[PDB]
């Protein structure tokens, strides 16, 4: 067994390779998109994880796409996150903040001024996002057609990512994870299906990856490369966003470029919740030889699969999502081969303590 052995991850050292995947739970306070004491307790309960990767968090107000998702751009948000990271550290844990801009997977009612959300192009995501009703309960609503970002608006987006990372550092996070997957803003530019731009930010893979790489360079300069991680979902289709007709080649190009920056880790989301074709070992080898930092695998993983791939030297750690929702002490359970608590999907989004902090530890 190797899942329970130490691993150097950028600036910190994880005591095991069982990581907690980023999980949107939509329980933040509105107005303000402020993290809560309840959220602090939830993360504290899971502090034994090799590394906790937080729920997706807004780099700006414009970045918001879901009612209940937290931000890391205001003083109130920074103060609240400081208490949460302190709780995790009090229990000897490590926590990274996943930073995102939802782009077109949003709704005008939660955008600044109630205006249309932004994206690489003016194409509707054709999916749904989560808002809140008059009683504060989570509700699904069709996404609003976006406005294409103007060329001179791009530097502002890069700067928002830069500022958010500076804020993350002050908030006490150990690392930051750029959300460059699942059809959100960065992925919207990466994919030909959602990017029909004719300027230097669309067309060739070099142009499509231009934005995410400018962001990576900006955050490495703001803090340090060994504090930066990135999540990608380059193979298959995720929330209606595929990766084009040359996904494998384009993925390898992006990974080689990321490697040049010497960042802390590469987090690969292998499949959408609805499923997808499995990664071939040949592809895993091509990825492995192109990146020199930690590689995290994710997507319906079993402990057995994690051990198999870590033993073959193809990945270094595994991020579990739904199992972590239902098992705060997942590490101890997997180590002892104990049974897990059953999942209650109806409380994954919104609500309060029920289905959030009420899953017991052994």
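Heads up, when I say rigid core I mean the largest set of C-alphas that superpose within 1.5 Å between the two forms. Positions refer to the first chain, counted from 1.
Worksheet item: Core fit done; bigger CA RMS in 6 other deposited structures of this protein for 180-188 or for 268-276?
Response: So, of the two stretches, the farther one in 6 other deposited structures of this protein is 268-276.
Practice prompt. Look up the CA B-factors in the entry and say which stretch, 229-237 or 136-144, has the higher mean.
Written response: Mean CA B-factor is higher for 136-144.
Discussion item. Tell me which stretch, 282-290 or 261-269, has the higher mean Cα B-factor listed in the entry.
Written reply: Averaged over C-alpha atoms, the B-factors run higher in 282-290.
Worksheet item: Highest Cα B-factor in the deposition, which of 321, 297, 311, 65?
Response: Comparing C-alpha B-factors across 321, 297, 311, 65, the maximum falls on 311.
Worksheet item: Per the entry, which of 106, 163, 119, 196 tops the list for Cα B factor?
Response: Of 106, 163, 119, 196, 196 has the highest C-alpha B-factor.
Worksheet entry | Among modelled residues of the same chain, the CA temperature factor third for residue 355 | Answer is lowest: the recorded C-alpha B-factor places it there.
Practice prompt. Would you mind ranking residue 185 by its C-alpha B-factor against the rest of the chain and naming the third, lowest, middle or highest?
Written response: Ranked within chain, residue 185 CA B lands in the lowest tercile.
Worksheet entry | Relative C-alpha B-factor of residue 55, binned into the chain's lowest, middle or highest third | Its C-alpha B-factor, which the entry lists for residue 55, ranks in the lowest third among residues of this chain.
Fill in: residue 151 CA temperature factor, ranked by third within the chain
Its C-alpha B-factor belongs to the highest third of this chain's values.
Worksheet item: Lowest, middle or highest third: where is residue 128 by Cα B-factor in its chain?
Response: Highest third - that is where residue 128 ends up once the chain's C-alpha B-factors are sorted.
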